[PDB]
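I have placed the structure first, in the form of structure tokens, so that the comments after it can refer back to it.
Any read-out appearing in this document is the output of simple, stated calculations on the displayed coordinates, not a laboratory observation. A quick note on method: Cβ atoms are made from the backbone with ideal geometry, for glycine too, and the neighbour counts reach across all protein chains shown.
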Ligand SMILES: Nc1ncnc2c1ncn2[C@@H]1O[C@H](COP(=O)(O)OP(=O)(O)O)[C@@H](O)[C@H]1O
Ligand SMILES: Nc1ncnc2c1ncn2[C@@H]1O[C@H](COP(=O)(O)OP(=O)(O)O)[C@@H](O)[C@H]1O
Ligand SMILES: Nc1ncnc2c1ncn2[C@@H]1O[C@H](COP(=O)(O)OP(=O)(O)O)[C@@H](O)[C@H]1O
Ligand code: BEF
Ligand code: BEF
Ligand SMILES: [K+]
Ligand SMILES: [K+]
Ligand SMILES: [Mg+2]
Ligand SMILES: [Mg+2]
């Protein structure tokens, strides 16, 4: 197709307009006084959301150049969401800040390459500063706060996340699903997380988020490589009569089979997923039988006297719910054989005492811990499915923030952290003036998230900004109460991870963009 | 379909406009202050790229005739990138200048074909002059420089390429792939790789490793479909007396032979790896004999007159270690003597001179390359996908640059080489005054790269040009720091190949383009 | 003063050191200094000489060294007698800057249909 081509300022102006039209839509959601965006997902009812990445992802624009700028920044939000839960709106605001300031500086005629280079220098130093600044978060209390604040000041959500991580342990798997009724509920259930994802992205169905959730999935527990579903087509027949999805957990699935699934599942009877049998060798057979007990199934191989041709409804495992993602699968609540489950537990422990060689102790300890943790599930309470999505999303942000916190701990939230580091870096300089002004752009931009958060209040942004700067250490602004104080004591806790991630990815993309003189895009008509 | 046809200046003017549009898109990227172009990739995030040939490919214009101009200059860009990875932008700028000056000379009424001949004559002399200027590049430091300069002054990248080329020697294969961390990382697949592996899991003695590794393995090089253990009996005796494992590089992983060798592996009597022979037919045979001599063995098959019983300890190959994978084998320090290995490479070089078909040419080069050393892999570290692509492209350019440098030497970069050769050629003349004009056209265009590099800096191009021309030898302009000096001592090194290649292709396409009198294209409907 | 735009470009080179309180004032200063070269380059371009080379050569010269557009020779403007009154240069510059400042600060325009 014939390409339109633009140069210099025309390109830059087009870009910047597209950026703004995305950012402004994202950034309205920021902080405690942010407010919701309505996304008209064609399928049905619109979804009201406060998640910035959910907003950004939808934004697509009519002008090919403005759209190009928008799609570019879109990347930032998705990256941040892929590192961490929170931080997608902060990362977008930072990116748009750098871009704006940087383009201003380029209009002064300064070299964009050196501008980019200077931004990168600042970010590196900034990241280092945050690291040192971060106070480890380990007190359940602090964990709660982190939760709460990521939940948009939702006390109850913080409570539940803290209690769940207490009950399963901080390393334990926790999951969130549409609850049955009005109230939030928490319970711990017999389930398993093993580190294998979908064997193909074509199994991604219901969620957009690169995952699949299946209700009452059947589990074919076969330590074999599936060449063609012919080997179990009467099982898929059976499963048709079920009308309930089948999870293959097998050593491999050939693309022949995968393509046959593509031919028959969504285009036909029932959705089917395949996952790699976890671990390897004797371990993988071990885990498959560990899951058979967890699900009341059997291991399907001729070493057992079983065959893919023969596995009954009852030779396959039964789970109530399974989640699969790019990298991991969580059997949420296997039917299983509870007494046998516990007996297995005791058995595996005995091998810890027998298989006392260091790495055997390790694997066995892992497996017992895995089985003993089970899984927690958080049931989101809502009157209406609209609020279901909204609250559920708010919870998952809390969840991902808490784990991130537990990893790296917390820094003074509300954007104080970024300002603080900014102030520390004021003496940082580059090789040349272009890099020096690039550094100043970076530092400057770090202000943006505070100002934005204030602005959403409709408080007077520059005033708050200036005072906070005047303050020192943890001194910040509480935007839910319009009071200066020790942010920590208030519990406005940001996990260093999210802030670090947001800054890196924001600068990363931003620095590139400024350097553009020319854009090649298809003529609209 | 009904063709539109235009003549004379209605043709050339339109054609030139197309050329200009493409060039201007490309040009911006030239040099250290050259700056990125955003190429829309409708399915995905746009590609931010500084690779000029990447730019060229996308350019395509609505106006049929302007399109023609673009399409033909596009061709020189691409051809440049085929000959050598770097130099695509230089070739474009050159082509633009020649075309521009040629069309101008034609407007004077010069015989176009004489111009073309004059251009061609000048170009030939310039190639010879570059050959004369070129100083061998050999020291690692120069390699680093060339890599740096081609990397867009990315010192780290130059360092990494140079040390990688050292670790695997000049002739080693080096490849670049998407890393995961922020930090770039270099790995090497040690030893004699060959690209065939096991086709069952039961060979794996190291299940946590997920591959088969053997220490002090003997190597039964039976390039055949092995049948039975019976033929191995005396071999197995010698093996068991040595107490060493055995690598079965069969033709194909087949036969009861291997099945019972797996049985012996499970009994711990002898541990055995088995893999396909690489390639087919005579080239398959050749690889097995190359493995053999390198391993200090000899191809143990009846098709070369030796039944498997007949193998001495000079026919069985050995290594300190071997590893075999799903798809690949590597042999670590085969016991074959270094003199035998070198000699074997000599016969392979004789075979290379005998080979007249890519089926054997590329494969023979791969044999000698792997015999010279392992394969290095450069993992490009970047925060963001956009960086992934952008950084990767620069790395790849650096890689192909260094290669070219090693093979043909280097000249003073920043376009000084072209300037110098142009000045040396000022005495050249043709058969007739039309031809002489064409020569001067060529010599004048040689300035264009230098000027364009300067212009991107926003510096007076002709001022810099004149001062450079006034200087002698490697005296030039450093566009990264805006001061003149010995270009070589600064380390701004260009591979002669890329300079030479870029010039030739530029000249060829341009010299044709100026002789256009009529263009025929479908009407715009 | 050296008439041939020499004076302006001379002073422009002299003041390159000057800098302001912030990037906005710095770009403003740079804009002013760059413009002052414009007379010389225009005069030359009318000749169809290369403005860049002549400008640089004048800048690299000293005092009244300048480009005689009538003859294309370089020389001392005074010896040739290419004399601008000082007032003319000064007034030209100041008034030019005045309008520019007016225009930059201009926020609204009112006219009939
Ligand atoms: N009560 C509060 N006072 C000040 N800042 C707050 C408060 N509650 C939340 N914030 C800040 O708002 C941001 C969280 O809002 P959110 O929309 O989740 O941003 P993101 O999507 O980037 O996580 C964090 O910077 C957090 O510190
Ligand atoms: N520091 C420098 N000073 C001057 N010229 C440079 C410098 N670094 C690189 N160059 C020049 O930049 C030119 C263009 O390089 P590049 O951007 O890779 O375009 P191409 O695709 O033609 O190689 C090269 O001829 C190189 O000599
Ligand atoms: N021979 C010459 N070479 C170069 N510059 C000249 C020459 N003669 C006059 N000038 C300069 O040309 C400039 C502009 O000329 P002109 O446009 O006629 O005057 P003004 O711009 O004041 O109306 C004057 O500043 C003058 O000194
Ligand atoms: F704005 Be986010 F996703 F916390
Ligand atoms: F623009 Be290139 F390939 F250096
Ligand atoms: K938000
Ligand atoms: K380039
Ligand atoms: Mg948040
Ligand atoms: Mg290059």
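Enter the Cα centre distance for the pair the stretch A:83-104 and the stretch B:94-152, rounded to the nearest angstrom.
45
Per residue of A:519-525, count partner chain C-beta atoms within 10 Å of its C-beta, then hand back the mean as an integer.
Numbers: counts 7, 13, 7, 4, 2, 0, 0.
The shielding value for this peptide is 5.
Relative to the longest principal axis of the C-alpha atoms of chain B, give the angle of the C-alpha long axis of helix B:64-83, reported between 0 and 90° and rounded to the nearest 10°.
40
If a paramagnetic tag sat 7 Å from the Cα of residue A:141 along the Cα-Cβ line, which residues of the stretch A:398-423 would have the backbone N under 17 Å from that point?
A:410-412
So what is the relative contact order for the stretch C:1-106, in percent, with contacts set as C-alpha pairs under 8 Å and at least six apart? Show your work: numbers first, answer last.
Details: 99 pairs, mean separation 34.8, N = 106.
33 percent.
Please state the relative contact order of chain B as a whole percent: Cα pairs under 8 Å, 6+ residues apart?
Working: 1058 pairs, mean separation 144.5, N = 525.
Answer for chain B is 28 percent.
Output the 0 to 90 degree angle, nearest 10, between the alpha-carbon long axis of helix C:23-47 and the longest principal axis computed from the alpha carbons of chain C.
That helix lies at roughly 40 degrees to the long axis.
Listing B:237, B:185 from the residue with the fewest other Cβ atoms within 10 Å to the one with the most, what is the order? Could you put the intermediate results ahead of the total?
Values: B:237 10, B:185 13.
Ordered from fewest to most neighbouring Cβ atoms within 10 Å, B:237, B:185 come out as B:237, B:185.
Against the globular-protein guess of 2.2 N^0.38 Å, express the Cα radius of gyration of the protein assembly as shown as a ratio, rounded to two decimals.
Values: Rg = 35.9 Å, N = 1163, 2.2 N^0.38 = 32.2 Å.
Taking the Cα Rg and dividing by 2.2 N^0.38 Å, one obtains 1.12.
Considering only the stretch A:191-371, what is the antiparallel percent among its DSSP beta bridges, to the nearest 5? Don't skip to the answer; put the middle values down first.
Numbers: 15 of 27 bridges.
So the antiparallel bridges in the stretch A:191-371 amount to around 55 percent.
Over what distance in Å are the Cα centres of the stretch A:466-514 and the stretch A:338-364 separated?
Result: 46 Å between the Cα centres.
By counting other Cβ atoms within 10 Å of each Cβ, how are A:523, B:428, A:160 ranked from fewest to most? Walk me through the numbers on the way to the answer.
Numbers: A:523 12, B:428 17, A:160 26.
So the ranking, lowest neighbour count to highest, is A:523, B:428, A:160.
How would you rank B:320-326, A:198-204, highest first, on the average number of other Cβ atoms within 10 Å across their residues? Numbers along the way, then the final one.
Numbers: B:320-326: 20.3, A:198-204: 18.0.
Descending packing order for the listed peptides: B:320-326, A:198-204.
Debye calculation, C-alpha points only, no solvent: report log10 I(q)/I(0) for chain A at q = 0.09, 0.11 Å⁻¹, in the same order as the q values.
At q = 0.09, 0.11 Å⁻¹ the computed log10 ratios are -0.76, -1.03.
Inside 10 Å of the C-beta atoms of B:363-374, what's the mean count of C-beta atoms belonging to other chains? Don't skip to the end; give the middle numbers.
Values: counts 0, 0, 0, 0, 0, 0, 0, 0, 0, 0, 0, 0.
For peptide B:363-374, the averaged partner shielding equals 0.
I'd like the orientation of helix B:155-167 relative to chain B: the angle between its Cα long axis and the longest Cα principal axis, in ° from 0 to 90, rounded to 10.
Relative to chain B, helix B:155-167 is tipped by roughly 40 degrees.
Return the whole-Å distance between the Cα centroid of the stretch C:1-20 and the Cα centroid of the stretch B:168-202.
The two parts, judged by their Cα centres, are 62 Å apart.
Rank the residues B:261, A:115 as a footprinting-exposure proxy: fewest other Cβ atoms within 10 Å of their Cβ go first. Don't jump to the answer; show the numbers that get you there.
Numbers: B:261 24, A:115 28.
So the residues, fewest neighbours to most, are B:261, A:115.
Per-residue counts of other Cβ atoms within 10 Å, averaged by peptide: what ranking do you get for A:38-47, B:223-232, B:504-513, highest first? Mind showing how you got there, number by number?
Numbers: A:38-47: 11.3, B:223-232: 17.8, B:504-513: 23.8.
Ranked by mean Cβ neighbours within 10 Å, highest first: B:504-513, B:223-232, A:38-47.
How do A:407-418, A:446-457 rank on mean C-beta neighbours within 10 Å, highest first? List each step's numbers first, then the result.
Values: A:407-418: 25.2, A:446-457: 23.2.
Packing order, densest peptide first, comes out as A:407-418, A:446-457.
Give the relative contact order (percent, whole number) for the stretch A:191-371; include only Cα pairs under 8 Å separated by 6+ residues.
29
Taking each residue in A:504-515, count the Cβ atoms of any other chain within 10 Å of its Cβ, then average. What number comes out? Before the final figure, lay out the partial values.
Numbers: counts 3, 3, 2, 2, 7, 7, 1, 4, 7, 4, 2, 8.
Counting other chains' Cβ atoms within 10 Å and averaging over A:504-515 gives 4.
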